[PDB]
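**Student:** Can you read through this structure? Questions will come right after.
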Amino acid sequence: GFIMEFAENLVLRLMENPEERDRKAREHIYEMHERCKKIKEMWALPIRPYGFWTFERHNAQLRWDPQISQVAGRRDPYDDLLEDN
Amino acid sequence: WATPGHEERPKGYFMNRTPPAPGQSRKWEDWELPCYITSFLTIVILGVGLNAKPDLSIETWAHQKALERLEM
Ligand SMILES: CCCCCCCCCCCCCCCCCCCC(=O)O[C@H](COC(=O)CCCCCCCCCCCCCC)COP(=O)(O)OCCN
């Protein structure tokens with residue numbers, strides 16, 4: 001053929017779907033705003049959590065001392081006296 | 001007028017480049033081809049691209065919608 005009859009549909013192939021572009025734009029806005037709200041919530045967390053000491057890793061002694069309160073140097077004076085019988 | 005004149009060749013040299021000896025080319029510059037081909041591609045792509053592109057815009061769309069709406 002001639003030049004323009006091919007350059008026309010060439011440019012038309014080069015250009016994209018606008019419906020896809022609009023859908024992607026509204027989508028991206030939706031999830032970006034949702035993620036923005038999520039990050040805003042995340043930044044509100046205090047440095048020290050409400051539980052803190054309640055956490056099992058932050059006790060480390062309520063389940064260690066009971067198995068140590070029997071060794072010498074930690075016993076209540078009234079433990080060795082009546083342990084004989 | 002009737003007399004032919006003088007000054008067989010116009011004075012001065014184009015682009016100040018001295019003419020080469022007869023039988024030899026102009027010895028094109030090292031950037032001459034890469035930039036001339038660039039100019040050629042730009043001219044052709046603007047000529048055939050800006051015209052073969054669809055005339056989609058907001059002026060023509062508003063024109064069509066104003067013609068269709070003014071009748072009512
Ligand atoms: C010393 C030798 C120099 C030789 C130069 C050429 C010889 C002619 C000299 C005269 C000067 C001509 C300069 C161009 C004037 C163009 C005027 C008409 C332009 C115009 O309105 O029609 C457009 C044509 O686009 C086009 O295709 C225009 C193509 C022009 C290409 C020029 C490249 C310049 C690059 C500069 C880049 C600078 C970038 C800065 C941002 C589209 O019209 P339309 O809207 O109706 O659409 C049509 C849809 N059917």
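So you can find residues: chains in the structure tokens are A, B, ... in the order shown, residues in each start at 1, and ligands are numbered from 1 in order.
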Please identify all residues of chain A having at least one atom at most 7 Å from any atom of chain B, considering only C-alpha atoms, and return them as a list in words.
**Tutor:**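 Output check: residues 4, 7, 8 and 11 of chain A.
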**Student:** Give the alpha helix (DSSP H) residues of region 11-50 of chain A, as assigned by DSSP on the backbone, as a count of residues only.
**Tutor:** 29
**Student:** Please, what distance in Å, to one decimal, runs between CA of residue 15 (chain A) and atom 6 (C, counted along the ligand's line) of ligand 1?
**Tutor:**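 Taking CA of residue 15 (chain A) as the start and atom 6 (C, counted along the ligand's line) of ligand 1 as the end point, the length is 27.7 Å.
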**Student:** Between B:61, B:27, B:8, B:44, which residue has the minimum interatomic distance to ligand 1, considering only C-alpha atoms and all ligand atoms?
**Tutor:**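 Checking each candidate against ligand 1, we get B:44 as the closest.
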**Student:** Identify which of the residues B:41, B:65, B:26, B:16 lies closest to ligand 1, counting only C-alpha atoms and all ligand atoms when measuring atom-to-atom distances.
**Tutor:**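 Of B:41, B:65, B:26, B:16, the one nearest ligand 1, counting only C-alpha atoms and all ligand atoms, is B:41.
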